[PDB]
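Contents: one structure, followed by commentary.
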Amino acid sequence: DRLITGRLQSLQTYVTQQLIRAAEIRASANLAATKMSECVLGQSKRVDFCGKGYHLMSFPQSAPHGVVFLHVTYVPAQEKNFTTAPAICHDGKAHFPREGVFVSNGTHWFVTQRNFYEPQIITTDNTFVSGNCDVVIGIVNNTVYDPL
Amino acid sequence: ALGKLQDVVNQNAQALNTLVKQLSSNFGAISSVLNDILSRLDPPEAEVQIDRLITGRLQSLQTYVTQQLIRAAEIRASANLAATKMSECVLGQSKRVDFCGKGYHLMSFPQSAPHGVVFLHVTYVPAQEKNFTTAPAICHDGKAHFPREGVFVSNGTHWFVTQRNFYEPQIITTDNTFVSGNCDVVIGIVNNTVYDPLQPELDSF
Amino acid sequence: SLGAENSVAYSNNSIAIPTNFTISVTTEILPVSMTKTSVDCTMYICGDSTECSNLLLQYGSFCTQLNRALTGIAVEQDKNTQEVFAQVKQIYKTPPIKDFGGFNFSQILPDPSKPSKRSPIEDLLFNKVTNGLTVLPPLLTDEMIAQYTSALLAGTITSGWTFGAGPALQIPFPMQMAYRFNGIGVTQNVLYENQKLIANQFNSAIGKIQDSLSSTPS
Amino acid sequence: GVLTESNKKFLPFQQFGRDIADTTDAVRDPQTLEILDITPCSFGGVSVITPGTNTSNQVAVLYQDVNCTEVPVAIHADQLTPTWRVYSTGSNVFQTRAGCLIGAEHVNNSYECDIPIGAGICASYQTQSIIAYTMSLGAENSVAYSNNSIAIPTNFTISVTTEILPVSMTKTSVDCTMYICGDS
């Protein structure tokens with residue numbers, strides 16, 4: 001009786017610990033499956049989910065009892081100081097960047113990408129107008145050239 | 001189809017019957033009825049017998065409580081996932097792939113079920129496709145051109161631009177495209193004409 | 001020391017803009033399965049004895065409870081892998097000519113010379129990782145898991161994300177990467193005007209993974 | 001156990017050999033100093049593979065962790081009923097990595113897994129008897145990739161899939177005192 005009680009208790013402890021560890025493994029596998037569906041079969045806007053940086057693609061790899069994800073990310077590099085402006089006033093009207101941000105190397109004002117410096121010339125297609133220039137704070141004076 | 005709900009209900013009902021079945025187990029005592037060991041034995045030995053039975057039953061009830069305590073965590077994880085799905089598929093449109101259904105997600109409609117929930121994910125799936133020649137850019141005047149919200153496709157002789165998920169070919173103008181750089185750096189650039197809506201009108205006026 | 005002290009040059013009219021970029025490849029590991037072990041209560045607790053079994057009949061369904069729980073763990077271990085890998089209805093296959101616009105995937109997609117259809121990364125991974133108790137075999141052999149991994153890799157390389165959400169629609173891989181840059185707010189022309197450098201960084205980054213994994217054991 | 005000629009080298013005076021688990025894996029002969037391996041006699045589970053009774057009444061049996069040779073001795077074929085003797089022998093005895101499968105016809109084909117066996121083997125019922133095989137992970141496909149080729153849909157389908165998630169369980173509560181003691 002004493003031996004059976006002891007052995008049974010040892011088996012019960014083993015089963016209990018295995019059940020808890022299996023739940024932990026289930027959570028990990030569920031996270032892996034979501035990562036496969038959201039990093040491999042698509043691009044994720046979630047920050048820091050598919051690797052550190054702006055996720056581009058992930059290539060899965062198998063392993064013993066697991067999976068390995070190689071993450072492809074775009075990380076901006078070689079930054080540079082610039083002067084900015086919330087808007088540019090041209091004819092008493094306020095102009096805002098449709099898809100970018102106004103920057104100035106000192107001589108001219110350009111609109112570029114929020115994540116890569118490709119300066120352009122501020123046109124009536126790179127910007128849009130909203131009201132007069134008496135409201136925006138920090139608005140500056142420059143010309144909105146029109147190719148028309 | 002309701003495998004998950006049935007599994008939960010069965011696993012709960014089973015193992016609740018195992019506890020009750022253990023209520024008729026000796027555990028090495030003389031009988032599995034406390035009254036009987038009391039009414040057939042003197043307290044000096046009925047005490048020992050009942051002690052053995054108490055130890056066995058305490059073990060059985062403790063085991064059931066631990067199992068339920070782990071199954072409760074599993075159902076909590078399932079309900080937290082379902083609450084997240086309700087928030088991100090029913091209360092909004094998700095761009096998470098394979099989260100709200102299989103396909104491009106549009107919406108969902110929730111339904112209730114005993115001890116659970118059922119979601120109806122409405123998704124958009126492309127159906128009939130063709131194959132077309134394509135190019136990264138188009139050269140017009142020594143300047144590389146790229147599309148703004150689409151891709152450049154050819155019906156075999158006519159280069160067109162269309163959206164990436166529904167074939168709707170449109171005329172390549174300077175409006176649905178954008179100029180950047182020259183026709184020398186891009187790889188696979190092709191030659192075609194980017195019609196400007198202004199000059200024909202200017203000739204007209 | 002929690003880390004390097006750093007001070008941003010914040011102001012009311014100063015912005016910093018990136019002029020270059022780096023393609024970074026990094027590895028994430030997630031455990032997916034566990035060893036399926038099933039134990040028999042009687043053999044472990046009694047073994048040869050028969051009288052012991054008769055006494056154990058008095059302990060009720062302690063054997064049934066433990067065996068049932070352990071089998072549940074076993075079935076779950078296969079359900080996990082099935083959900084993680086079997087997310088493709090078909091098995092997409094890479095084209096016979098691996099000319100993908102300069103992106104070299106040879107380090108990640110299988111080479112037939114290895115007996116198991118495994119890429120060099122998977123070979124490094126397998127090589128590096130080293131009484132009534134029975135370890136059941138998995139429902140999927142490592143070959144089958146690799147087959148799913150190749151299918152997903154081929155689908156993504158040849159059809160972008162169009163195959164996890166619909167029929168696999170082929171798309172040129174440089175064009176796919178342009179769609180992805182447009183995804184992170186960088187216009188596609190940056191990729192076209194820098195394809196050689198972008199592919200080269202991608203290839204070098206892929207290669208560094210093998211060295212970063214083999215030397216570092218933890 | 002199964003005493004077999006061992007190839008290991010005991011010391012001249014050593015008489016016992018134990019593994020990592022403190023279990024004997026080699027024994028020496030008391031008279032002739034012959035050192036022999038001790039491997040525990042075969043054991044394993046017995047699984048019955050059957051299509052639903054509402055579909056059919058034939059069965060096929062699996063023995064885990066066995067070479068197919070020791071099924072007739074291990075099962076007590078002479079002791080059981082004549083019906084059990086059918087699955088202790090026959091011509092269709094297929095050996096898998098999961099053990100020995102008796103009662104299913106191994107084929108050279110591949111289909112969706114229907115009843116799992118292990119090591120990639122799955123078994124099913126088609127003409128009209130039980131078969132065993134290696135699963136095929138879905139249809140093979142080669143996408144027509146080309147440096148200037150695409151595929152663009154011209155039509156679309158609005159599908160509605162169904163997902164079920166368990167949310168709660170019965171709020172059962174047991175009184176420890178009355179359960180263990182009743183009125184006692």
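Every chain in the structure tokens has a letter given in the order shown (A, B, ...), and although residue numbers restart at 1 in each chain, ligands are simply numbered from 1 in the order shown.
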Per residue of chain A within 6 Å of chain C, which atom pair is closest and at what distance in Å (one decimal), using only C-alpha atoms, listed by chain and increasing number, as a Markdown table?
| residue | atom | partner | partner_atom | distance |
| --- | --- | --- | --- | --- |
| A:7 | CA | C:45 | CA | 5.8 |
| A:29 | CA | C:32 | CA | 4.4 |
| A:33 | CA | C:84 | CA | 4.3 |
| A:41 | CA | C:161 | CA | 4.8 |
| A:42 | CA | C:161 | CA | 4.9 |
| A:56 | CA | C:180 | CA | 5.9 |
| A:65 | CA | C:33 | CA | 4.7 |
| A:66 | CA | C:31 | CA | 4.2 |
| A:67 | CA | C:30 | CA | 5.7 |
| A:68 | CA | C:29 | CA | 4.7 |
| A:69 | CA | C:28 | CA | 5.1 |
| A:70 | CA | C:27 | CA | 4.7 |
| A:71 | CA | C:25 | CA | 5.3 |
| A:72 | CA | C:25 | CA | 4.9 |
| A:73 | CA | C:24 | CA | 5.3 |
| A:74 | CA | C:23 | CA | 5.0 |
| A:75 | CA | C:22 | CA | 5.3 |
| A:76 | CA | C:21 | CA | 4.4 |
| A:77 | CA | C:21 | CA | 4.6 |
| A:78 | CA | C:20 | CA | 5.5 |
| A:79 | CA | C:18 | CA | 4.1 |
| A:80 | CA | C:16 | CA | 5.2 |
| A:81 | CA | C:16 | CA | 4.6 |
| A:82 | CA | C:15 | CA | 5.2 |
| A:83 | CA | C:14 | CA | 4.7 |
| A:84 | CA | C:13 | CA | 5.3 |
| A:115 | CA | C:18 | CA | 5.9 |
| A:116 | CA | C:18 | CA | 4.8 |
| A:117 | CA | C:19 | CA | 4.8 |
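Residues with any atom within 10 Å of region 75-88 of chain D, counting only C-alpha atoms and excluding same-chain neighbours fewer than 5 positions away, are residues 46, 59, 60, 61, 62, 63, 68, 70, 93, 101, 102 and 103 of chain D.
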Go ahead and write the selection's residues with N, CA and C atoms as an mmCIF file, in the first residue's frame.
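Writing done, so here's again26.cif:
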data_model
loop_
_atom_site.group_PDB
_atom_site.id
_atom_site.type_symbol
_atom_site.label_atom_id
_atom_site.label_comp_id
_atom_site.auth_asym_id
_atom_site.auth_seq_id
_atom_site.Cartn_x
_atom_site.Cartn_y
_atom_site.Cartn_z
ATOM 1 N N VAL D 46 -2.761 -1.322 -27.892
ATOM 2 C CA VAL D 46 -3.445 -1.984 -29.018
ATOM 3 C C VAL D 46 -4.552 -1.038 -29.440
ATOM 4 N N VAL D 59 -12.791 -4.062 -38.726
ATOM 5 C CA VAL D 59 -11.811 -3.322 -37.904
ATOM 6 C C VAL D 59 -10.413 -3.720 -38.322
ATOM 7 N N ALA D 60 -9.443 -2.912 -37.940
ATOM 8 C CA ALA D 60 -8.035 -3.224 -38.217
ATOM 9 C C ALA D 60 -7.264 -2.824 -36.983
ATOM 10 N N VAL D 61 -6.289 -3.614 -36.600
ATOM 11 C CA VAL D 61 -5.686 -3.395 -35.272
ATOM 12 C C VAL D 61 -4.239 -2.986 -35.417
ATOM 13 N N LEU D 62 -3.770 -2.159 -34.489
ATOM 14 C CA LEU D 62 -2.358 -1.707 -34.513
ATOM 15 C C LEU D 62 -1.679 -2.071 -33.200
ATOM 16 N N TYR D 63 -0.433 -2.507 -33.276
ATOM 17 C CA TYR D 63 0.325 -2.762 -32.034
ATOM 18 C C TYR D 63 1.519 -1.824 -32.031
ATOM 19 N N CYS D 68 6.764 -6.925 -36.104
ATOM 20 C CA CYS D 68 5.542 -7.716 -36.372
ATOM 21 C C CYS D 68 5.707 -9.177 -35.938
ATOM 22 N N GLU D 70 6.463 -10.711 -33.044
ATOM 23 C CA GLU D 70 5.998 -11.223 -31.731
ATOM 24 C C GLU D 70 4.518 -10.998 -31.456
ATOM 25 N N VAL D 93 -0.132 -7.879 -43.193
ATOM 26 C CA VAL D 93 0.529 -7.376 -41.964
ATOM 27 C C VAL D 93 1.545 -6.328 -42.399
ATOM 28 N N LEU D 101 0.895 -2.965 -38.054
ATOM 29 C CA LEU D 101 -0.538 -2.802 -38.357
ATOM 30 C C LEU D 101 -1.006 -4.094 -39.005
ATOM 31 N N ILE D 102 -1.965 -4.753 -38.364
ATOM 32 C CA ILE D 102 -2.482 -6.033 -38.897
ATOM 33 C C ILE D 102 -3.943 -5.848 -39.259
ATOM 34 N N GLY D 103 -4.297 -6.160 -40.494
ATOM 35 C CA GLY D 103 -5.685 -5.962 -40.916
ATOM 36 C C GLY D 103 -5.878 -4.811 -41.881
#
### Query
Got a sec to pull out which chain C residues are within 6 Å of chain B, counting only C-alpha atoms, and send them as a PyMOL selection string?
chain C and resi 58-60+165-166+192-193
What would the file look like if the residues just selected were written as a short mmCIF file (atom, residue, chain, number, x, y, z; two decimals), in the first residue's frame with C-alpha atoms?
data_model
loop_
_atom_site.label_atom_id
_atom_site.label_comp_id
_atom_site.auth_asym_id
_atom_site.auth_seq_id
_atom_site.Cartn_x
_atom_site.Cartn_y
_atom_site.Cartn_z
CA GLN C 58 -9.65 -0.06 -5.12
CA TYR C 59 -8.15 3.34 -6.11
CA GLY C 60 -10.80 3.85 -8.73
CA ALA C 165 -5.98 34.93 -49.29
CA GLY C 166 -7.03 33.53 -52.66
CA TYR C 192 13.53 50.01 -58.81
CA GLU C 193 16.26 52.65 -58.71
#
Name the residues of chain B that come out as strand (DSSP E or B) in a backbone DSSP run; write them as a PyMOL selection string.
chain B and resi 104-113+116-126+129-135+138-139+144-147+151-154+159-162+170+173+177-179+190-191+195
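Residue nearest chain D, chosen from C:131, C:107, C:204, C:195 and counting only C-alpha atoms: C:131.
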Practice item. Just the helix (DSSP H, G or I) stuff from region 116-189 of chain C, please, per backbone DSSP, written as a PyMOL selection string. Key: chain C and resi 120-128+142-159+173-183+189
Using C-alpha atoms, can you write the selected residues to a file as a PDB file, in the first residue's frame?
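Below is the file that was written, out_11.pdb:
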ATOM      1  CA  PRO C 120      21.117  24.731 -45.611  1.00  0.00           C
ATOM      2  CA  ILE C 121      19.497  26.597 -42.671  1.00  0.00           C
ATOM      3  CA  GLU C 122      17.359  23.565 -41.774  1.00  0.00           C
ATOM      4  CA  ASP C 123      20.390  21.269 -41.924  1.00  0.00           C
ATOM      5  CA  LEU C 124      22.280  23.575 -39.513  1.00  0.00           C
ATOM      6  CA  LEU C 125      19.209  23.540 -37.240  1.00  0.00           C
ATOM      7  CA  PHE C 126      18.830  19.760 -37.072  1.00  0.00           C
ATOM      8  CA  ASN C 127      22.540  19.143 -36.626  1.00  0.00           C
ATOM      9  CA  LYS C 128      22.894  21.735 -33.828  1.00  0.00           C
ATOM     10  CA  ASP C 142      10.229  15.912 -40.477  1.00  0.00           C
ATOM     11  CA  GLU C 143      10.147  15.479 -44.255  1.00  0.00           C
ATOM     12  CA  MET C 144       6.470  16.418 -44.300  1.00  0.00           C
ATOM     13  CA  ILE C 145       7.080  19.502 -42.086  1.00  0.00           C
ATOM     14  CA  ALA C 146       9.851  20.569 -44.484  1.00  0.00           C
ATOM     15  CA  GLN C 147       7.477  20.013 -47.393  1.00  0.00           C
ATOM     16  CA  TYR C 148       4.982  22.495 -45.872  1.00  0.00           C
ATOM     17  CA  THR C 149       7.828  24.948 -45.198  1.00  0.00           C
ATOM     18  CA  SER C 150       8.956  24.765 -48.859  1.00  0.00           C
ATOM     19  CA  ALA C 151       5.376  25.161 -50.044  1.00  0.00           C
ATOM     20  CA  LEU C 152       4.926  28.362 -48.019  1.00  0.00           C
ATOM     21  CA  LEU C 153       8.326  29.671 -49.078  1.00  0.00           C
ATOM     22  CA  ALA C 154       7.594  28.995 -52.762  1.00  0.00           C
ATOM     23  CA  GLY C 155       4.166  30.524 -52.505  1.00  0.00           C
ATOM     24  CA  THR C 156       5.497  33.724 -51.003  1.00  0.00           C
ATOM     25  CA  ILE C 157       8.480  33.961 -53.377  1.00  0.00           C
ATOM     26  CA  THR C 158       6.380  33.391 -56.510  1.00  0.00           C
ATOM     27  CA  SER C 159       2.954  34.857 -55.644  1.00  0.00           C
ATOM     28  CA  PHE C 173       9.413  39.206 -57.210  1.00  0.00           C
ATOM     29  CA  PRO C 174      10.976  42.685 -57.703  1.00  0.00           C
ATOM     30  CA  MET C 175       7.455  43.980 -58.360  1.00  0.00           C
ATOM     31  CA  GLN C 176       6.301  42.207 -55.176  1.00  0.00           C
ATOM     32  CA  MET C 177       9.009  43.910 -53.149  1.00  0.00           C
ATOM     33  CA  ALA C 178       7.896  47.239 -54.657  1.00  0.00           C
ATOM     34  CA  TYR C 179       4.335  46.523 -53.466  1.00  0.00           C
ATOM     35  CA  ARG C 180       5.826  45.860 -50.025  1.00  0.00           C
ATOM     36  CA  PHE C 181       7.799  49.155 -49.961  1.00  0.00           C
ATOM     37  CA  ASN C 182       4.578  50.946 -50.900  1.00  0.00           C
ATOM     38  CA  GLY C 183       3.207  49.061 -47.898  1.00  0.00           C
ATOM     39  CA  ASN C 189      10.545  53.746 -57.362  1.00  0.00           C
TER      40      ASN C 189
END
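Near chain C, within 8 Å and using only C-alpha atoms, the residues of chain D are residues 43, 44, 65, 97, 98, 116, 117, 118, 119, 120, 121, 137, 138, 139, 140, 141, 142, 143, 144, 145, 146, 147, 148, 149, 150, 151 and 152 of chain D.
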Output of the above residues as a PDB file, in the first residue's frame, restricted to C-alpha atoms:
ATOM      1  CA  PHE D  43       4.868  -4.284 -24.667  1.00  0.00           C
ATOM      2  CA  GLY D  44       2.673  -1.608 -26.128  1.00  0.00           C
ATOM      3  CA  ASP D  65       6.372  -0.445 -30.440  1.00  0.00           C
ATOM      4  CA  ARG D  97       7.370   3.216 -37.739  1.00  0.00           C
ATOM      5  CA  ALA D  98       4.452   3.416 -35.254  1.00  0.00           C
ATOM      6  CA  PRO D 116      -4.174   9.009 -38.174  1.00  0.00           C
ATOM      7  CA  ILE D 117      -1.567   6.271 -37.586  1.00  0.00           C
ATOM      8  CA  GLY D 118       1.788   7.981 -37.164  1.00  0.00           C
ATOM      9  CA  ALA D 119       5.051   8.638 -39.024  1.00  0.00           C
ATOM     10  CA  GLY D 120       3.027  10.017 -41.915  1.00  0.00           C
ATOM     11  CA  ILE D 121       0.879   6.869 -42.247  1.00  0.00           C
ATOM     12  CA  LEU D 137       0.023  17.129 -48.286  1.00  0.00           C
ATOM     13  CA  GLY D 138      -2.466  18.473 -50.817  1.00  0.00           C
ATOM     14  CA  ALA D 139      -2.161  18.774 -54.596  1.00  0.00           C
ATOM     15  CA  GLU D 140       1.213  19.768 -56.044  1.00  0.00           C
ATOM     16  CA  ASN D 141       1.365  22.992 -58.057  1.00  0.00           C
ATOM     17  CA  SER D 142       3.890  25.040 -60.032  1.00  0.00           C
ATOM     18  CA  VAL D 143       2.970  28.711 -60.381  1.00  0.00           C
ATOM     19  CA  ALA D 144       3.861  30.179 -63.775  1.00  0.00           C
ATOM     20  CA  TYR D 145       6.412  32.655 -62.452  1.00  0.00           C
ATOM     21  CA  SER D 146       8.100  34.811 -65.092  1.00  0.00           C
ATOM     22  CA  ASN D 147      10.051  38.077 -64.893  1.00  0.00           C
ATOM     23  CA  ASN D 148       7.330  39.892 -66.838  1.00  0.00           C
ATOM     24  CA  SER D 149       4.220  37.896 -65.955  1.00  0.00           C
ATOM     25  CA  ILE D 150       1.326  38.539 -63.540  1.00  0.00           C
ATOM     26  CA  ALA D 151      -2.144  37.247 -62.786  1.00  0.00           C
ATOM     27  CA  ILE D 152      -4.993  39.695 -62.137  1.00  0.00           C
TER      28      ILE D 152
END
The distance between CA of residue 90 (chain B) and CA of residue 119 (chain B) is 8.7 Å
Give me, as number ranges by chain, all polymer residues having an atom no more than 8 Å from residue 5 (chain B), counting only C-alpha atoms and skipping those fewer than 2 positions away in the same chain. B: 2-3, 7-9, 114-116; D: 164-166
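Checking D:177, D:42, D:6, D:170 one by one against residue 11 (chain B), counting only C-alpha atoms, you find the shortest gap at D:170.
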